[PDB]
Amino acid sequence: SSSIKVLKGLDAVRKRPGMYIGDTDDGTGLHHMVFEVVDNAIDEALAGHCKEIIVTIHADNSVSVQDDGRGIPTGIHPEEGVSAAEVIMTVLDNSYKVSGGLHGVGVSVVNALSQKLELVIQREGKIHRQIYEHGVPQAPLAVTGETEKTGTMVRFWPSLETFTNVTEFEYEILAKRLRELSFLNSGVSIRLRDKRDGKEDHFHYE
């Protein structure tokens, strides 16, 4: 079944994480987790739908990324039987890569390597929520509210089963790369907030 296949893939990632996200011991992989989520928001911004992306480092050492784009699609596509968002979040060598030389692997890898991940989508007048634990959804994507805003928010807590040594996000690593990303995708506003020490930055080119 999908269930079994979905779990086999999450297990493949968990078993050889470095190969998918990058080195799990020097902070390469850990920060890549953030840039992988941001990359999909960047794509939405390059297509003209998202104007601002906000990256927040929380005091519990989770990170959220939010955008003001269209929201990830919510409907159940016939042939998978779960929301399109859930397929994106669950269906699948970076080992020795360094920094910007890493290849894009998709947000399902971030999900597999997160102790917890929350997805919130504002789309078609409605707020939708799904929670995952090491990639396994708690429940099907669900409507929790009504809204006239649109956007996508991912918050994730990196698994301490995967990441060792460098386990806390370094503001400056995120600042440096997010600044480069805003330069490399002109027009897009990126904000970085650190709730640990109140640091904030706003990167934009025009």
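The term rigid core refers to the most C-alpha atoms you can superpose between the two forms while keeping them within 1.5 Å. Residue indices: 1-based, along the sequence shown.
- Comparing the two stretches 121-129 and 69-77 by root mean square C-alpha distance in 6 other deposited structures of this protein, with all structures fitted on the core, the more displaced one is 69-77.
- For the cut-off of one third of the other compared entries, residue 111 stays well clear, since all of them model it along with its flanks.
- In the comparison with other entries of the same protein, residue 94 is left without coordinates in at least one third of those covering both sides of it.
- Unmodelled deposited residues between residue 127 and residue 128: none, per the record.
- Note on 101-109 vs 83-91: mean CA B-factor is higher in 101-109.
- A summary of the deposited B-factors shows that, of 1-9 and 195-203, the stretch with the larger mean C-alpha value is 1-9.
- Annotation for 29, 140, 145, 151: 140 ranks highest, by Cα B-factor.
- Among the modelled residues of its chain, residue 76 has a C-alpha B-factor that falls in the highest third according to the deposited record.
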